[PDB]
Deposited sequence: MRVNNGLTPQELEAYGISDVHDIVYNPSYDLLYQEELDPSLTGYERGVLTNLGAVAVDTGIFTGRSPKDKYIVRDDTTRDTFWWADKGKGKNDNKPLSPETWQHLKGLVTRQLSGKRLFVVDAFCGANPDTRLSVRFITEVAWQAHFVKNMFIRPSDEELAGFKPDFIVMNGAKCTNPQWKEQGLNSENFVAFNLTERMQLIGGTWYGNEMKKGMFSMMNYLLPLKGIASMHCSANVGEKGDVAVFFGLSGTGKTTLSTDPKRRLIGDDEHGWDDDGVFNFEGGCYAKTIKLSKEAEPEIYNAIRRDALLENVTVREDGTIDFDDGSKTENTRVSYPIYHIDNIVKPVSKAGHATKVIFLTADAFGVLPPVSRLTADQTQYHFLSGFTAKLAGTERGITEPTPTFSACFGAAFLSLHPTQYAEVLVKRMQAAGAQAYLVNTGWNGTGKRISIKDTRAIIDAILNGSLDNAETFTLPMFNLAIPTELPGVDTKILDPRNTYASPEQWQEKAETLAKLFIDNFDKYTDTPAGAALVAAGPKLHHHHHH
C-alpha cells in the first residue's frame, strides 16, 4: 500500500516495519503477544473477544481539542472564542510543533497503516489513512470505519491523514497556551488530525465525524449524531441523542434492519451511515435485555476497559476502571443489517432521545414543527452526577443538535439542513425520555422498546393525546405494551405538586439556555415553542 518513502512525505522517518491493511487475524495475534507491556496489552475473554485498557483516558478529552485557524477555516468554523463549544483556535506555527512531536514519535517504529472510508457514498466520503504504533488502535479503526474492497484499496488516494501519537506528549503546552500536555488537533489546510497523549480510540472516530460535520452541511447534506434503521416496508427512522441516551441500544432492534448506530448523513437520496461498525456501551450489559449487542461480542470485537476475571469471564457490572466501558465490532456482527451498503431512503420518523434525570419529561411526546427545532437546538439531557456520594444532583447538559462536541459549523446550519430534509420527506418528530421519572429509576428498556414500536408502526400518530403543562407536549393517552400510568410523568410522584416543582426548575434551565438563539428573527420566534415560565 505504501513505502517508507511515502511515509517520509508525511514527515515520518526510518520506518523499518510497515503493516499495511492488517488483517483481523494479525490484529488478534498482535494484541495477545505475551511480550507486550502496559496499555498495548490485550487479554482474551471467554466470549472470544480481546479486551484492552485504554490507559489514563477512558473517554474523549474535549479540553484538548484544537482546530487550526487559517484562511480556510476562519470564516466558516464555529469557533470557541467567537455559544459554548470545544473548537479552540490553533496557530499554523503551533500546529507544526505538534506535527513534529507526533511524526518523531512514529519514526523508527513498527507502524500499522489502515486505509478506510468515512461515509457510505463515494461522492461524499472521505478516504482516510490512519497511522498508529498500537495494534488495538488499528483494530479500533478497522472496526469503526468502512473497510475498502480490494479494488478500492488498489486505487486508494487519502484525502485525510490521522496520525496517532498517543505515546508522545507536548512539553511546550504552557508557553503555547494549551490546556495540557495532550492534544487532539485538526488542520483543514493540510487535511490531517494529530493525537498526542491520549490513547483513546474514539478521538479518531469522533474526530472524523467532526470533519464530516464540517464538509457535508456546506454541500447541503445533513450530518447527524444519530442511529438509524429501516423496517420491512422501507420506512426509515433516525434516533438522535446525547451519549448514553439509547441510540445504539434502541436502534439494534429485532424488528428492523440496522443502518448504523451513531453517525449518518442525509442527502438527496436518503440516510447513509458514515461508519463500518458499532460502539456499544457495556456497563451492566444484560444478554436478556440486549441480546444482539451481547452476541456481537466475539472474535474481532474489541472490548475497552472492562473487568476480566482470572478465569477469562467478563464482569460487565464493574465500572471500577470507568462507567464508560465499551465494545466495538464490525457492523456485520449484527444479524439484521442493511447490506452491502449501509444506507436507505429518506427518514419519515425522527426520534430525539433524552435521559431526563430531573424526572420531568414524559416517556414519549409527538412534537410540533416548531418544537422540533426548539428541542434540536436545545439538545438536552441530564445525569445523576452525585450517585457516588449518595445524592441526586441532577446535572443538565444542553448540547446543541444533540452533539455539540462534534459540530464544526454553527448549530443553526445543522438545524436548517435537517428541517429541509424532514420537510421534503414529510417526517414527524418525537421526544422520548429514556431516563427517569418520579420513581427515581430509569424507564425499563422493555417499556422503551414498546414506545419505539408504537412510534414506528403509526400507533402513536393514531392516538388521542393530552397536553403536559409547562412544556406543552402532546402525550398519547394510551399505548400498546406500556403501562398507561407512566405516560403522564406526574403520575409517578405522590402528587402533581412534586412534579411541578421539578418542571419549573427544568423550564428555567431551558429558557436560559435558549436565550442565545434569540438574536435572529427565526430564533426569537421559536421561544413560543419552548417551555413557558413567567414567575
In sequence order, the deposited-sequence ranges that have no modelled C-alpha atom
1 to 5, 88 to 89, 543 to 546
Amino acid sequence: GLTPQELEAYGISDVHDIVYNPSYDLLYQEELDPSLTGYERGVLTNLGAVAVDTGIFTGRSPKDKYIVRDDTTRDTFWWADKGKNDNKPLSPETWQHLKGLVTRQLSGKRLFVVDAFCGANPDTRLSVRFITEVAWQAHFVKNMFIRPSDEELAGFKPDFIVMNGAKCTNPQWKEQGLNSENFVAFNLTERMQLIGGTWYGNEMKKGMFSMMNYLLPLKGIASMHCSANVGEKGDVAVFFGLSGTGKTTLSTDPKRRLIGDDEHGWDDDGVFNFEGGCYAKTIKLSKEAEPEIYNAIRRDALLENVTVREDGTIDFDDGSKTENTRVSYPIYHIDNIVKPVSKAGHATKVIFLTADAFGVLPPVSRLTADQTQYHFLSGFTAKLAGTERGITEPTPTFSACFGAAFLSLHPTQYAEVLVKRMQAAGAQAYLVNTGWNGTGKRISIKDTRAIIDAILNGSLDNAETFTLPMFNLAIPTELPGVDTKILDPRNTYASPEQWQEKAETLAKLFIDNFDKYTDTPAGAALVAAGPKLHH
From here on, numbers count along this sequence of modelled residues.
Between 39 to 47 and 498 to 506, which has the larger average Cα B-factor in the PDB entry?
498 to 506
If you take the mean CA temperature factor per stretch, which one wins between 456 to 464 and 376 to 384?
456 to 464
Highest CA temperature factor in the entry: which of 201, 390, 207, 277?
390
Select one of 52, 67, 32, 479: the residue whose C-alpha shows the highest B-factor in the crystal structure entry.
479
Using the B-factor values recorded in the entry, state whether the Cα atom of residue 513 falls in the lowest, middle or highest third among the modelled residues of its chain.
middle
Mind checking which third residue 105 falls in for C-alpha B-factor across the chain?
lowest
Where does residue 436 sit by CA temperature factor within its chain: lowest, middle or highest third?
middle
Could you tell me which third, lowest, middle or highest, the C-alpha B-factor of residue 59 occupies within its chain?
lowest
Ordered by C-alpha B-factor within the chain, which third holds residue 124? Give me lowest, middle or highest, please.
highest
